[PDB]
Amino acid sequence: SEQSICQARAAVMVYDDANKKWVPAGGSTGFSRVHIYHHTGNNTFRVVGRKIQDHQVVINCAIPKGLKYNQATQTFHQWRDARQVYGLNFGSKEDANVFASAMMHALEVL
């Protein structure tokens, strides 16, 4: 059904707009294995990340056509939906490059 097109190590966060600070996605600070999954049948893509320690799914969001993916730095990238701002604090530049490669690919073929 879905094919993983990358795996990247990152601390996944979401922005608490009310208190003006980042907070760990899913409630607990730590690193996750973050995929982009391609549903090849419908040509849709989503970001899915699971905490290394306990496998909790901490992010599961769609990547819509036209998304503005902000590579704020070489190791912190972020984007928006209509509700949330998501951030990936990558474990290394190599991880960031892997994920950004796949994201930019998705945004080209959507």
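Quick note: we count residues from 1 along the sequence shown, nothing fancier.
Higher mean CA B-factor, judged across 63-71 and 36-44 from the recorded values: 36-44. Taking the mean C-alpha B-factor of each stretch as recorded, 14-22 and 94-102 are not equal, and the higher mean is that of 14-22.
Ranked by C-alpha B-factor against the other modelled residues of its chain, residue 57 falls in the middle third.
Sorting the modelled residues of the chain by their CA temperature factor places residue 5 in the highest third.
Among the modelled residues of its chain, residue 51 has a C-alpha B-factor that falls in the middle third, as given in the PDB entry. For residue 28, the recorded CA B-factor ranks within the highest third of the chain. Only modelled residues enter the ranking. Among all modelled residues in this chain, the alpha-carbon of residue 80 has a temperature factor (C-alpha) in the middle third.
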